[PDB]
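Sequences listed follow chains L, Z, A, U, E, V and C, in order.
Under the UniProt record's numbering, think of the first position of the first sequence as 12, with each following residue one higher.
Under the UniProt record's numbering, think of the first position of the second sequence as 3, with each following residue one higher.
Under the UniProt record's numbering, think of the first position of the third sequence as 13, with each following residue one higher.
Under the UniProt record's numbering, think of the first position of the fourth sequence as 1, with each following residue one higher.
Under the UniProt record's numbering, think of the first position of the fifth sequence as 13, with each following residue one higher.
Under the UniProt record's numbering, think of the first position of the sixth sequence as 15, with each following residue one higher.
Under the UniProt record's numbering, think of the first position of the seventh sequence as 27, with each following residue one higher.
Using N, Cα and C, we set each Cβ at its ideal position, and we do this for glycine too.
First comes the structure, then the notes that go with it.
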Amino acid sequence: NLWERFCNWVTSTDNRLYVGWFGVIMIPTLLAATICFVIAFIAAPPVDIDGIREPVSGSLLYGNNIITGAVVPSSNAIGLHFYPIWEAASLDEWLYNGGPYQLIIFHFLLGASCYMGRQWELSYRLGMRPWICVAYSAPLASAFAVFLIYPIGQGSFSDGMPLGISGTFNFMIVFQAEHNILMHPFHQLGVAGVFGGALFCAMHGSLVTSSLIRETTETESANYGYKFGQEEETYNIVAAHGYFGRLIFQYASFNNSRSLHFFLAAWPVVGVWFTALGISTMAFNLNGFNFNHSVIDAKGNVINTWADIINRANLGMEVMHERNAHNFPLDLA
Amino acid sequence: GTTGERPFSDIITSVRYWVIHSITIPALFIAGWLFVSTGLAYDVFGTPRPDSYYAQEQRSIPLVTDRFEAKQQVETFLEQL
Amino acid sequence: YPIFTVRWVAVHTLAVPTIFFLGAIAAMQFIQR
Amino acid sequence: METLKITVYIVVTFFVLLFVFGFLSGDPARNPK
Amino acid sequence: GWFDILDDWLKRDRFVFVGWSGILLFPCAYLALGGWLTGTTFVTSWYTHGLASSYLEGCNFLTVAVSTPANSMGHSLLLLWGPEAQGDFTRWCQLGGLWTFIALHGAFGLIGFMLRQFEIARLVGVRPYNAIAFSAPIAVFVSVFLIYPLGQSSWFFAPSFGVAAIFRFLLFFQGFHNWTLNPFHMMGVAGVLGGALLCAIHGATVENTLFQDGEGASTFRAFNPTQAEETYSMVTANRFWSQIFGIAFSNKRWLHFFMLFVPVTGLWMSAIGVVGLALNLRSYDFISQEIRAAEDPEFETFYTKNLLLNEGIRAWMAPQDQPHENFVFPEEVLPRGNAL
Amino acid sequence: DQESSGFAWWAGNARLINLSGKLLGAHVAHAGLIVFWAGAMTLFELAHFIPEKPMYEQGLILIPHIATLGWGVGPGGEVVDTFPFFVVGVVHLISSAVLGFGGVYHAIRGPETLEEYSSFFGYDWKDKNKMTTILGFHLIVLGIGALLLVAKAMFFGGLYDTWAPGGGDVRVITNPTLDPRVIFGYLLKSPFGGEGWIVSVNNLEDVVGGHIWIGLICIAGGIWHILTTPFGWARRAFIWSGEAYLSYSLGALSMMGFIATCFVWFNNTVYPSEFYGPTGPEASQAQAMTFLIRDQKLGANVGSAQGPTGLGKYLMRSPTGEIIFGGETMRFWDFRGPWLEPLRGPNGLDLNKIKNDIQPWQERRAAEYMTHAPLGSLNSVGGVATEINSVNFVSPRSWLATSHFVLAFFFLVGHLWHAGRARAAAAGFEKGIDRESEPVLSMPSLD
Amino acid sequence: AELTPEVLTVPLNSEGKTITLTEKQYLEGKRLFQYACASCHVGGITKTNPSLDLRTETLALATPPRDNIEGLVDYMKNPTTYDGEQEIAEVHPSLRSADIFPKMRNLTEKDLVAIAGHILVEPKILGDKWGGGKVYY
Ligand code: CLA
Ligand code: CLA
Ligand code: CLA
Ligand code: CLA
Ligand code: CLA
Ligand SMILES: CCCCCCCCCCCCCCCC(=O)OC[C@H](COP(=O)(O)OC[C@@H](O)CO)OC(=O)CCCCCCCCCCCCCCC
Ligand SMILES: CC1=C(/C=C/C(C)=C/C=C/C(C)=C/C=C/C=C(C)/C=C/C=C(C)/C=C/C2=C(C)CCCC2(C)C)C(C)(C)CCC1
Ligand SMILES: CC1=C(/C=C/C(C)=C/C=C/C(C)=C/C=C/C=C(C)/C=C/C=C(C)/C=C/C2=C(C)CCCC2(C)C)C(C)(C)CCC1
Ligand SMILES: CC1=C(/C=C/C(C)=C/C=C/C(C)=C/C=C/C=C(C)/C=C/C=C(C)/C=C/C2=C(C)CCCC2(C)C)C(C)(C)CCC1
Ligand SMILES: [Cl-]
Ligand SMILES: [Cl-]
Ligand SMILES: [Fe+3]
């Protein structure tokens with residue numbers, strides 16, 4: 012059958028890159044988002060992100076370098092409305108209002124969601140256990156948080172994270188002004204997740220490199236002591252555990268490789284999950300702890316803490332973000 | 003293997019331990035309490051009491067201005083209370 | 013088994029003040045301005 | 001514009017139909033054991 | 013000999029190894045940790061900063077800090093017996109003496125810990141790459157807590173030891189140094205986040221390429237630390253990532269060294285850039301952009317928006333974050349957009 | 015013990031997979047916990063309820079559900095008698111004891127397996143007939159429950175209707191919408207802005223009608239699954255095991271949880287703002303209204319007032335031309351609410367109605383909703399992050415929206431977890447790779 | 027610094043008589059002010075109309091004078107515009123409009139003296155911060 016040949020090739024394990032059914036969506040959507048991103052980063056004209064007819068330049072050809080360049084998010088006048096090309100009277104209007112942003116982020120989110128599914132899929136075709144895709148769900152959820160979830164709760168794709176280095180920082184700063192995310196325990200767990208992951212990654216790598224079993228001379232790389240697919244382990248887990256158990260105390264060390272590797276997966280993934288959830292729940296304006304004026308003296312004078320110093324800085328971001336867009340005294344959008 | 007001390011399991015399980023420590027853990031805990039309830043923690047460390055941050059008509063913060071007569075500057079602040 | 017060891021000292025320099033500090037922090041909840 | 005809208009709708013339909021019909025064409029059986 | 017007798021006792025196999033490095037490590041670490049705990053519970057910041065900062069004053073775990081000494085102390089070591097406290101424990105606390113106490117005993121503790129990793133590595137029989145990797149934490153601590161304030165006017169502008177105090181430090185560095193724009197911090201982000209990534213992805217790969225060595229559905233039991241065979245399949249994990257991502261590890265030794273390299277390299281890059289910020293040698297601007305924007309009021313990028321935010325931070329937080337400056341900004345000089 | 019089943023203590027409920035009596039026990043025991051919380055939470059809310067305060071200034075999420083169903087409230091949402099709240103809690107609480115008693119009995123006392131005790135309650139996961147039959151029964155239960163809502167709306171007091179003329183009130187629903195072009199038209203609208211998918215349902219008729227429809231759809235499908243076995247294409251497209259079915263429902267419970275989030279965030283019909291506080295878009299629109307009324311009273315001509323950007327300060331147009339509120343609230347112009355629709359003409363906000371027809375109760379409503387926007391800190395300080403302590407408030411909408419996004423996200427993770435494992439258990443490598451038959455070692459090399 | 031009898035002494039009427047509130051009395055007004063008022067009046071500003079604050083200076087130039095206990099009680103009974111020309115109970119909570127403003131129903135005469143007492147006392151404690159807005163946060 013001809014459809015069975017197609018299905019046999021879509022699902023082949025002999026392809027240099029695995030395609031698969033998730034890939035039948037992934038490949039076109041990612042290619043579309045990638046091509047449009049490259050073109051808009053170089054060439055897009057200014058975009059009126061805040062919907063106040065004050066366009067924001069973001070591309071290289073319009074006076075940006077790699078650091079200041081962005082694909083600018085679509086207009087605040089658009090809000091959450093869907094805005095493909097065909098909804099616009101002309102390419103010129105589409106570029107002015109932020110069209111490439113929606114095109115890119117929606118194709119990308121679709122493409123990365125299917126990337127996750129592709130990971131389950133090839134793993135199933137290979138006889139593997141299936142949960143690598145669960146780990147990749149932590150950055151995917153984070154991407155979902157800042158491109159889709161946070162716009163939904165706020166009410167405009169214009170509050171999505173710009174596709175750009177400086178645009179990203181403009182997102183972090185305005186976010187802290189509005190939601191106090193440093194004082195939110197879900198971002199703190201994210202910090203604990205990436206710092207801890209960095210630490211543990213550093214740790215595991217130094218401990219295994221430390222226990223490598225002598226197989227080479229000095230005039231060559233220790234790496235040539237491992238050959239792709241040997242059945243013998245290349246380091247000495249017992250020596251590494253002997254070392255690290257003495258560094259702290261023995262029961263604070265791992266003697267089970269599977270138990271240690273599970274810990275390596277779980278610590279950053281969980282912490283990133285929570286920090287995705289922190290962006291996703293601050294989207295609905297459940298904000299970080301507010302301790303402003305929390306400590307008071309017996310007369311009633313405010314006794315500042317460091318929280319009140321954080322507030323003075325938050326205030327200064329607040330009254331300067333979107334400096335022309337507010338006509339009324341409360342920041343409700 | 004095992005290094006040689008008595009396992010912590012057998013210790014918090016043994017009756018002798020909790021004979022000793024049902025007195026000691028509460029004692030220190032009560033000790034800590036009294037350190038704050040007597041007001042000693044305020045004077046040992048110099049931390050102001052809720053009525054010792056300002057004088058009754060002052061909103062200026064007693065900031066140390068001089069490096070070397072600083073010890074005396076803090077005490078000139080406490081006197082104005 | 014011996015009773016006092018290097019570990020013994022180590023657990024008690026952390027633990028004795030911990031319980032003491034928790035006591036002091038306990039009473040602080042009842043301070044009214 | 002409308003020609004583009006129809007062009008993309010056809011493209012999207014095509015791939016979505018590859019996906020549903022591909023995953024119905026006996027996926028569980030495609031494994032090594 | 014007595015030295016060989018003391019060496020015998022220091023290097024005894026106990027529950028908590030001591031070693032020669034212990035004579036430095038334990039008292040300094042214990043005093044750094046004890047000093048932080050002591051101050052966050054009892055010690056104010058009313059005379060150094062105008063801040064409350066202890067459990068005893070009303071602060072919670074997120075707002076307690078051992079705060080930095082007032083700007084007027086300069087870079088004084090602030091020793092207890094030194095000239096500022098003159099042996100008065102009460103006044104030393106009120107002057108910020110716990111800050112240097114912690115930072116200095118902490119600095120020496122970190123030396124002791126790195127010596128500890130050396131000492132244990134030599135006794136046990138392994139290469140000393142764990143201590144090498146710990147250079148990055150030390151480089152970070154030295155640059156941020158010692159060099160950076162030594163570059164500035166005083167220990168005051170070092171980070172105060174506290175959760176929210178650290179957050180303020182982060183925000184000071186955005187408003188004043190535009191630290192996000194510095195490529196040395198960017199390289200640190202990429203080594204921290206790239207380390208998290210390698211940690212997560214290598215753990216998942218091993219757990220999802222295991223061989224079947226037991227019959228239990230919880231697969232942990234199927235490992236014995238004395239076993240000789242690899243517990244997961246490098247061949248299968250290679251094919252998977254080759255076909256998913258394009259490239260895959262094929263050398264287990266290079267893979268684990270790479271896990272050392274990345275986050276160690278990145279912390280060292282962020283230290284370098286902090287060393288630059290000690291001197292206010294910032295990546296604050298791009299000159300080309302400022303020349304365009306000064307001549308063209310319709311030019312607006314995300315770079316120029318961030319600078320408006322930095323200017324708002326500085327004017328709105330400086331009167332209380334830098335109280336030794338006696339700053340008084342009348343309302344009309346404060347930068348602010350419409351309405352807010 | 016783990017040596018008997020394979021699963022460890024932290025995965026101990028996986029030992030229940032082929033023990034239908036104990037598995038029934040845990041399930042019935044869990045359902046008691048839900049019903050317990052529902053009753054317990056209600057009485058807590060009632061013990062703390064104050065009638066003079068609005069419900070949303072008091073941290074209530076259940077009493078709002080009960081009042082929307084028409085029990086306890088009078089005109090405009092005012093609570094007139096609290097005894098129906100009391101009943102709902104007591105009855106749930108009393109029922110949970112029943113559900114608990116049976117759940118515990120089946121768990122540790124009843125027969126561990128049902129398959130030898132009775133051929134009707136017993137089930138084998140791989141038996142596609144018995145599974146569709148159990149599915150069918152439960153579909154029938156779901157249909158009945160959806161009709162109970164119809165019956166409460168049509169035959170038993172009605173529902174609270176924020177849109178009712180003269181101001182919202184309890185109202186009996188006489189003409190549910192049955193027109194499939196409306197009911198299934200919701201299922202075909204876009205999820206994006208100004209459309210809303212099913213979240214845009216803005217009248218009780220459409221609500222009551224859709225439930226008549228799924229009420230009938232469910233009972234029919236229930237009968238259909240009791241009478242049929244799965245076709246051949248479904249047989250080869252699915253995984254037939256207990257974990258597999260658990261994963262299918264995790265995905266579904268996830269999809270539903272996301273949908274619930276959007277519903278309570280945007281919709282003010284089945285979530286009456288009278289009870290739940292204004293929505294996000296609403297409070298922002300209410301802010302613009304409040305300042306329009308105030309400035310106009312001072313003598314401003316809100317149609318021709320130009321704002322700093324050049325756009326109108328009080329009034330601008332939408333991208334399709336509609337007269338909308340100006341300022342940054344321009345993003346919220348899809349908002350619809352009973353306090354604002356009187357000022358809506360066919361072209362949008364009617365400048366003449368703004369000038370002459372604003373009523374005091376509208377100015378009161380706009381001010382109330384502006385100063386109760388769903389914005390607050392984790393410790394329930396009300397406002398933007400830069401707000402000083404004073405107002406103890408977080409909108410129920412925030413609390414309900416954030417929790418159910420967390421639950422939804424984790425259940426999607428749950429779906430990915432159990433789905434992949436189900437697939438690997440069925441294929442026979444969920445425990446790792448056979449050394450003596452490694453699949454990759456028999457495929458050819460990529461290069 | 028203490029909440030002294032000197033601090034808790036505010037004008038009673040407009041003819042110079044005074045009233046000395048207790049600490050308990052002041053704490054009552056602060057709790058009642060947060061229950062009924064803070065939604066619009068947090069910190070002495072006015073969210074729904076920033077042009078009119080709760081500062082003692084502003085209340086003094088109001089008509090009738092609102093910088094003593096009498097007029098604030100009167101205002102909470104029958105509020106008017108800044109020149110006393112329009113009665114505004116229809117849009118401002120009061121005892122007269124407790125039917126449409128329910129949080130004013132359960133307020134006794136003692137509760138109105140406390141709330142007024144808190145409005146006059148707080149600027150004495152916090153100075154320019156009362157009514158100053160986010161510049162003084
Ligand atoms: C994606 C976000 C992101 C990421 C990944 C990073 C990553 C990093 N930032 Mg940056 N940063 C960000 C955003 C981010 N930042 C933003 C938006 C800003 C605002 C502009 C800042 C502002 C900022 C500042 C101000 C600083 C950093 C620094 C750093 C580095 C800190 C590394 C570290 O572990 O220090 C942690 C500290 C150490 C490892 C020192 C050693 C500590 C010892 C080992 C601890 C031992 C404890 C002991 C056992 C007892 C503890 C007990 C107690 C808990 C009870 C790292 C490269 C720092 C830097 O560059 O330093 C060189 C720095 O000072 N960032
Ligand atoms: C909602 C939670 C929930 C529920 C309903 C169940 C239910 C069950 N679990 Mg699971 N389990 C859970 C959570 C839950 N588990 C969690 C969180 C963990 C991790 C710690 C485990 C770990 C776990 C393991 C490791 C095992 C089970 C097993 C079981 C089954 C037998 C338990 C047993 O032998 O108890 C014996 C215990 C007792 C007899 C003590 C008394 C327990 C009862 C229920 C107390 C009830 C109190 C209540 C107030 C009484 C109400 C009275 C009424 C009149 C109102 C049972 C069906 C077992 C199994 O599968 O066996 C084949 C098994 O091996 N569970
Ligand atoms: C969806 C559920 C839900 C929601 C939306 C609310 C919402 C609300 N509740 Mg209620 N409540 C709930 C469940 C819920 N509750 C449950 C399950 C209980 C039983 C314990 C209660 C018991 C309860 C009481 C007793 C009270 C409330 C009250 C409140 C209000 C204040 C909440 C607050 O301050 O929390 C504080 C915030 C937290 C405690 C943060 C918790 C964060 C969680 C732990 C994160 C969990 C993440 C994830 C699930 C963990 C697993 C991760 C892993 C898989 C990797 C608010 C209106 C109060 C009120 O005002 O009543 C009038 C009140 O007094 N609730
Ligand atoms: C989903 C719930 C459920 C299920 C599937 C079962 C299934 C079973 N139970 Mg169990 N049981 C349950 C709940 C359940 N029970 C509850 C809640 C209790 C506590 C009241 C008990 C108490 C109990 C006892 C004491 C015994 C069983 C036994 C049995 C077995 C024989 C039942 C029989 O022949 O009934 C035949 C049918 C009937 C008797 C008519 C039932 C009419 C129902 C109750 C009308 C109401 C229906 C309505 C939809 C309920 C709404 C509930 C609400 C929460 C929404 C069977 C395996 C027996 C057993 O296994 O002995 C070895 C046994 O001794 N059950
Ligand atoms: C809880 C509800 C439920 C469940 C779990 C099942 C489960 C099952 N049904 Mg039953 N069924 C139900 C309710 C349910 N049914 C009801 C209420 C009815 C009456 C209308 C039916 C009518 C019905 C029929 C007529 C058939 C089944 C069959 C089946 C089996 C295959 C399902 C399948 O392939 O779906 C997968 C779904 C598809 C392949 C559809 C194509 C893809 C769609 C378009 C995806 C759209 C999703 C997207 C996100 C949009 C969602 C929102 C909105 C726009 C729609 C399976 C055992 C089949 C069987 O074998 O019966 C013997 C069968 O022929 N069911
Ligand atoms: C049971 C609770 C689950 C909590 C969420 C899941 C935690 C682990 C998820 C990490 C996925 C990583 C990517 C693949 C990782 C991967 O491949 O895992 C592999 C590893 C081993 O798998 P096995 O096949 O042996 O076991 C899984 C099943 O087959 C059961 O046998 O899985 C586990 O051990 C799961 C442990 C469950 C118990 C988890 C409890 C830990 C969380 C405790 C709560 C923390 C809260 C913190 C609050 C601040
Ligand atoms: C300073 C100084 C010194 C020192 C002293 C010391 C050394 C001290 C120590 C102290 C200490 C040593 C203290 C301790 C403390 C502790 C604490 C205070 C704790 C607490 C805890 C808690 C609270 C817990 C919590 C938690 C966690 C974390 C986990 C889970 C969750 C929970 C929540 C449970 C000297 C005199 C020599 C000299 C001079 C200076
Ligand atoms: C299986 C199992 C389990 C579980 C269990 C469960 C989950 C159970 C449940 C249980 C339940 C679920 C129970 C319930 C109960 C209830 C009750 C017991 C109630 C009672 C009530 C009453 C008596 C009422 C009273 C009243 C009235 C009448 C009115 C108002 C007031 C009052 C409240 C007084 C666990 C996990 C442990 C583990 C082991 C195994
Ligand atoms: C009540 C109500 C209503 C209505 C509702 C309705 C009428 C609904 C319907 C609904 C529906 C009617 C739904 C359905 C859905 C569906 C789904 C959700 C699907 C799923 C699917 C799947 C899951 C599949 C999968 C797959 C593929 C894709 C391929 C091959 C393989 C498999 C089979 C796995 C309204 C809105 C009016 C108003 C309100 C109330
Ligand atoms: Cl901005
Ligand atoms: Cl605005
Ligand atoms: Fe490894």
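Residue of the options minimising C-alpha distance to residue i
| i | options | result |
| --- | --- | --- |
| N247(L) | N87(L), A318(L), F265(L), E231(L) | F265(L) |
| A248(V) | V11(U), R30(U), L24(U), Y9(U) | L24(U) |
| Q187(L) | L321(E), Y42(E), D333(E), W21(E) | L321(E) |
| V145(L) | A156(L), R129(L), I184(L) | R129(L) |
| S254(E) | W105(L), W20(L), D25(L) | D25(L) |
| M457(V) | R180(E), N236(E), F252(E) | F252(E) |
Where residue i falls: helix, strand or coil (DSSP)
| i | result |
| --- | --- |
| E241(E) | strand |
| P37(C) | strand |
| residue 73(A) | In the structure as shown, chain A starts at 13 and stops at 45, and residue 73(A) therefore has no counterpart that could be examined. |
| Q41(A) | coil |
| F302(L) | coil |
Beta-ladder partner(s) of residue i, from DSSP
| i | result |
| --- | --- |
| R61(Z) | According to DSSP, which records beta bridges pairwise, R61(Z) is partnered with nothing at all. |
| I307(L) | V313(L) |
Pair within 7 Å by beta-carbon distance, residue i and residue j
| i | j | result |
| --- | --- | --- |
| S394(V) | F300(L) | no |
| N142(E) | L218(L) | yes |
For ligand 8, which residues count as neighbours when the test is a C-beta closer than 7 Å to any heavy atom? The filter returns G39(V), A40(V), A43(V), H44(V), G46(V), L47(V), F50(V), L57(V), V104(V), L107(V), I108(V), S110(V), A111(V), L113(V), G114(V), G117(V), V118(V), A121(V), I122(V), in chain order.
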